[PDB]
Amino acid sequence: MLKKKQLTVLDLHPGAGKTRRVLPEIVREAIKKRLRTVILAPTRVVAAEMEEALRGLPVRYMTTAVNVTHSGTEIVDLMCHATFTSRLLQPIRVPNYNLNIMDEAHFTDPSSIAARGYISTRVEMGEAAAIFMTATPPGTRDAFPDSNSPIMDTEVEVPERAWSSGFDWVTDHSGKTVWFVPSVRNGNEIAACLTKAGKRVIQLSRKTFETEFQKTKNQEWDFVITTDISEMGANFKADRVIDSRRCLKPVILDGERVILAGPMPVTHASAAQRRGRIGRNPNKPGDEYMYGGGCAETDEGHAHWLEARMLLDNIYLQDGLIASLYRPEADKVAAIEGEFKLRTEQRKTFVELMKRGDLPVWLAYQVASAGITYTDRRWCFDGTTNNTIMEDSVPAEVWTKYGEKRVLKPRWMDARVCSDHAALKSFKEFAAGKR
Ligand SMILES: CCS/C(=N\c1ccc(CC)cc1)NC
């Protein structure tokens, strides 16, 4: 695997030992061969689990999720997928790693797709080797792969709202369940229904993941209600997965707005990953997987692939060349390579709106390409009446940095800035000039 050119896809089934068994062997060989190596973790939780599997080995942890006193002589760096992509975009020089290892290489967030694009392009140019570790490579059509122990698979109607009757099997269970819901708001309703029935529930989503995940180890629970973020290496000591088989899909309409379409079917890769949370202990056969819908290729036309192109167009590769998306996932978007390339100043605004502004990639691009500077928030208020953001059935209001009370009405509407209470609160703070 460890030779210039060559991208290897390590596709062992979920729980086969890619992270705890194969990864340390690869790292030992890389260090023996003096290969400058990067290990890409999807989340800070996976970064912490990787330190445990790699303990002793000289690895430089470029994350605050690990508390290690480095020696300065490490030739292996470990960082999150987003950090790698972020450093590539920023003026900081990123080493030209001879070996690029991506754990949970199926992650569909824009920064993970862009990282795959950049790395596979360097490999195609003959400059580096790469290893993509995932049980579900792009384009997988099997939602029921192998497991460490047999799983009972059952197609059943799964509630997506609070219920009074008709789903006794859900609450009659005496074990631990991980339940995948299509959104934070849908999970809040199911969590409330289960709590009212006497169950102890933990909720996980992208924003709360590190803090709330600790509770799955620190306390006794009956249910974990989670969004699709738990498909990325989140390990639970559970005996059942309930899977709605649904997700929200960001869709760019007329090149002018982003809506959260659906809920709609998950991909086969997402279903296999959700199911893959259980059946991991060869001594506990019979873990259950209850699923409530079929799979579909909902990654085609999904905004994340277009956002990945906006990122790759603004990353230096060599002269005017631009990194292409990883070949198996390149047809998911219809885009011209280079169409989102920004001049140095607008590029800096683009980066700062994502990094400091915490805006979605698509929204950051619309603001930066319009020649608007980072601190100029007049665009949050001068959109059409149909772009009015609503808070509890009434127009949302903020005090501008000037001291004026105004209705939140952005020139570009992206549904992700107000898809839950937390997102709308962060967007209100941005529109007010508070970051
Ligand atoms: C706070 C009261 S309004 C204010 N600025 C303006 C000025 C003009 C207009 C358009 C009539 C709106 C707003 N600053 C504090």
Side-chain angles (χ1 to χ4, degrees), residues 82 85-86 89-92 109-111 183-185 188 205-208 211 248-262 303-304 306-307 309-311 313-314 339-435:
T85 295
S86 185
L89 280 152
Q90 294 176 246
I92 182 85
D109 279 12
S111 69
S183 70
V184 172
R185 287 188 170 160
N188 290 333
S205 72
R206 270 166 183 80
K207 289 292 193 181
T208 68
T211 307
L248 287 176
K249 175 190 182 183
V251 174
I252 303 154
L253 293 199
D254 304 305
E256 75 166 37
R257 72 215 299 107
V258 166
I259 65 145
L260 280 162
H304 289 177
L306 195 278
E307 295 175 296
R309 282 252 41 94
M310 288 176 161
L311 298 178
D313 281 353
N314 289 284
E339 74 177 295
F340 307 117
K341 190 182 182 186
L342 291 163
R343 284 298 301 116
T344 298
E345 281 303 311
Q346 294 180 353
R347 185 175 302 182
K348 285 171 183 292
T349 304
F350 174 55
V351 173
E352 197 177 17
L353 287 171
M354 293 183 291
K355 186 174 232 320
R356 198 186 310 280
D358 199 31
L359 297 187
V361 179
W362 180 88
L363 187 56
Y365 185 85
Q366 309 310 123
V367 176
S369 62
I372 290 171
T373 65
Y374 178 73
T375 56
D376 184 354
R377 309 290 156 82
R378 293 177 289 181
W379 70 269
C380 301
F381 306 105
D382 63 12
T384 57
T385 176
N386 74 316
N387 285 0
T388 301
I389 293 180
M390 311 288 286
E391 193 182 349
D392 284 322
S393 312
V394 65
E397 294 171 349
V398 318
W399 283 269
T400 72
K401 76 192 204 176
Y402 294 99
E404 181 182 20
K405 197 72 178 296
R406 295 190 78 180
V407 170
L408 197 52
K409 201 159 59 175
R411 208 186 297 168
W412 303 278
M413 184 60 223
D414 185 325
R416 297 169 289 178
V417 310
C418 55
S419 64
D420 59 48
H421 168 82
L424 178 54
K425 177 179 173 304
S426 173
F427 193 59
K428 283 167 64 177
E429 283 169 355
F430 183 86
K434 290 167 173 300
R435 76 173 180 275

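In this chain, residues are counted from 1 in sequence order. As a basis for the values below, the full set of heavy atoms in this structure was taken, side chains included, without hydrogen atoms, waters or symmetry mates. We count ligands from 1, going down the list as the structure has it; atoms in each ligand are counted the same way.
- Side-chain contact of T349 with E345: a donor-acceptor pair under 3.5 Å is absent, judged by distance alone.
- Under the 4.0 Å distance rule, the nearest protein heavy atom to atom 8 (C) of ligand 1 falls outside the cut-off.
- A cation-pi contact, defined as under 6.0 Å to the ring centre and within 45° of the axis, links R377 to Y374.
- Closest protein heavy atom to atom 12 (C) of ligand 1: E404 OE2, 3.7 Å.
- In this pair, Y365 and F350 present their aromatic rings perpendicular. The plane angle is above 60°, beyond the 30 to 60° band.
- Here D382 pairs with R411 in a salt bridge; the nearest charged N to carboxylate O distance falls below 4.0 Å.
- Every atom of ligand 1 is numbered from 1 in the order shown, and the set under 4.0 Å from a heavy atom of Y402 is 14 (N), 15 (C).
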